[PDB]
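Everything on this sheet refers to the single structure shown next.
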Amino acid sequence: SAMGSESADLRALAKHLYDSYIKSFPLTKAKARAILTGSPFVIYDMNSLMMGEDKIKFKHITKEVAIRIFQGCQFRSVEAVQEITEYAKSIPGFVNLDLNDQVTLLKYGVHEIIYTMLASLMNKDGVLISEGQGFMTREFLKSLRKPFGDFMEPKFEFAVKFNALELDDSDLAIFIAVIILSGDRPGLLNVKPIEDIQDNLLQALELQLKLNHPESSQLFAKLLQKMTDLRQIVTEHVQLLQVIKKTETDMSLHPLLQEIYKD
Amino acid sequence: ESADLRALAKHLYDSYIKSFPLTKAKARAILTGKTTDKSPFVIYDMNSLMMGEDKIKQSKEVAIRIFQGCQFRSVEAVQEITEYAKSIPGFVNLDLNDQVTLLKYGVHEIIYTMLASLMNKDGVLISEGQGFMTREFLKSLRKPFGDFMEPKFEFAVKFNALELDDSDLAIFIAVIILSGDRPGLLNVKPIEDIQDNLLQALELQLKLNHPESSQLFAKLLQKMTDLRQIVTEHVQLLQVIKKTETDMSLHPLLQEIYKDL
Ligand SMILES: COc1ccc(Oc2cc(N(C)CCOc3ccc(C[C@@H]4SC(=O)NC4=O)cc3)ncn2)cc1
Ligand SMILES: COc1ccc(Oc2cc(N(C)CCOc3ccc(C[C@@H]4SC(=O)NC4=O)cc3)ncn2)cc1
């Protein structure tokens, strides 16, 4: 109605999402970048990985090093799913969707969000682990045997390009909401209300980027192009997950643990 | 802190609806005839059990076949309960060995709690509500399966008299999972801290949802005596079954759960 009210409503939505993102994700990009730019224990080879087991208490140990790193990543992704699920509840409209559509949106959205937020913890030379208490080098991850040596490298390649956009946590809170509210996920029952919510989130993202990054020509479009790129990264990751359970022998052992990590 | 506890209650109820397709509300609707679906098929003897083959969507002997049908239900329930447990705030952040231990020693307490939702004094819903198997038929089975469901029916009658609904049960089942006394837990204190918060939320939920029900919180917590007794008696029955039966193929999930330590 009144002049400026549309801008104000979009800024209020942006602020709400940022405040919720702070409540849901303790290690924000701001906190991560401070750590990366200078202290965490550095894991830079297999010997320092064994020494790192002492300095930090990792929760996933019950094998060969490449397998154990992978299972440590899977433990952390399960924790991330619970944080992202909590965040999703604060996106206006989400909890009023059909319950099956909520589950579907999270099922098919969490991996894109995981790799988006992992970029916040990465620089060109490695990644923060254990809530910022450790740092594992990119070179060490690349040195793992096939097929684990190329598990993290496409994530680093994405992150260096993505981080060059210099998004902050207020930008990312809205970007992550836009990814969750994707009306093209397989099996959704009511697509229209999801696209309606996403329309409002896209309006909020566009205004946030125009105000926060006025010098960054067409940043909104560039960020949508990245959303397209994350789809590719996730499809590649799922391919490797199918390699690790066929090619890499270790299958029907510990059925309860298999259950926690089914999907 | 009251708002946090209500938010926790709401979160657990939502996760419970997402994890368990056959809720108590849906089961009660079926048992009382509310639904717009054909009434469940009633199995009350051998002949009707046989017809249940064709009315409802390996072992040829009756007792074993009933027993194996219970085992496959538990396998399904374990999958649903594990999905629910991961939603309990703090659970997936525990040491992974302790996550496994909590599921190993908690799933059957939850299975029998939720079995009561599908029971009345005369029988129990089976196959997603498609069938109803009578308590008297289950009592008739040959030894060692004589009265093997009777402790479950006795518990359910008393438990259902508490009048809990799904929103109450969601918090109760979380309290069960987060039990710091399970054998072999490595880090008891983080589990007790979560259970403390769940108990606070359960107390508030019961006072708000059942304001007229005196000491319902205490009476619900006392039902763990009944539940642990059911589990110990069932483990003992399994030991008898090992002696009285020939080859007993067991699902890998149940063999892990029943593996001693
Ligand atoms: C000393 O004990 C230790 C043992 C191991 C160890 O390695 C690590 C590495 C690590 N990261 C590299 C940081 C997290 O990266 C991730 C990579 C991939 C995913 C996607 C997961 S994976 C899958 O299959 N499906 C998924 O969705 C998620 C996160 N995080 C934690 N531990 C360190 C210490
Ligand atoms: C039409 O063909 C049919 C074939 C079989 C048939 O019998 C039944 C009976 C039944 N209940 C009696 C209802 C479920 O009670 C249960 C009792 C015990 C358990 C625990 C299992 S047992 C074990 O040792 N460890 C376990 O964790 C689980 C559930 N549920 C499903 N099928 C009916 C029809």
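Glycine gets a Cβ as well: all are built from the backbone with ideal geometry, and neighbour counts include every protein chain shown. What follows draws every value from the coordinates through simple rules; no lab data is involved.
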### Task
Based on a Kirkwood Rh over C-alpha pairs, give the Stokes-Einstein translational diffusion coefficient of the range B:58-142 at 10 °C and viscosity 1.306 mPa s in µm²/s.
108
### Message
Explain nothing, just the number: dipole magnitude of the protein assembly as shown about its Cα centre with +1 on each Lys and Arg Cβ and -1 on each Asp and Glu Cβ, in debye rounded to the nearest 20.
### Response
760
### Ellipsoid semi-axes in whole angstrom, largest first, where each is sqrt(5λ) of the Cα gyration tensor of the protein assembly as shown
45, 29, 22
### Task
Please go through the range B:168-261 and write out the trypsin sites (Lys or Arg not before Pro) that DSSP classes as loop and that have at most 11 other C-beta atoms within 10 Å.
B:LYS259
#### Entry: Dipole of the protein assembly as shown, positive end: most advanced residue of A:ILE61, B:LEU141, B:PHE217 [Cβ charges, Cα centre]
B:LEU141
### Summary
Long-range alpha-carbon pairs in chain B, meaning those over 24 Å apart, account in percent for 50
### Query
If we count every other residue with Cβ under 14 angstrom of A:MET227's Cβ, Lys/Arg +1 and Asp/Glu -1, where does the sum land?
0
#### Entry: Loop-located GluC sites (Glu not before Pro) in the range A:195-250, at most 11 other Cβ atoms within 10 Å (DSSP)
A:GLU215
## Note on the structure
Largest-first semi-axes in Å of the equivalent ellipsoid built from the Cα gyration tensor of the range A:143-221 are 28, 22, 8
### Message
Among A:6-14, A:175-183, how do they line up by average Cβ neighbours within 10 Å per residue, starting with the highest?
### Response
A:175-183, A:6-14
## Note on the structure
Along the dipole axis of chain B (charges at Cβ: +1 for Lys and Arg, -1 for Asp and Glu; origin at the Cα centre), the most positive-end residue among B:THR232, B:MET50, B:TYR112 is B:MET50
### Query
What do you get when you divide the Cα radius of gyration of the range B:132-173 by 2.2 N^0.38 Å, with N the number of residues?
1.48
### Task
Identify, among A:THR85, A:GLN102, A:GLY183, the residue whose Cα sits farthest towards the positive end of the charge dipole of chain A, taking +1 on the Cβ of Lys and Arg and -1 on the Cβ of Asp and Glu, with the dipole about the Cα centre.
A:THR85
## Note on the structure
In the range B:164-261, the GluC sites (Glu not before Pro) that sit in a DSSP loop and have at most 12 other Cβ atoms within 10 Å of their own Cβ are B:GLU212
### For B:84-93, mean number of other protein chain Cβ atoms within 10 Å
4
### Query
How many angstrom separate the Cα center of the range A:162-186 from the Cα center of the range B:222-261?
49
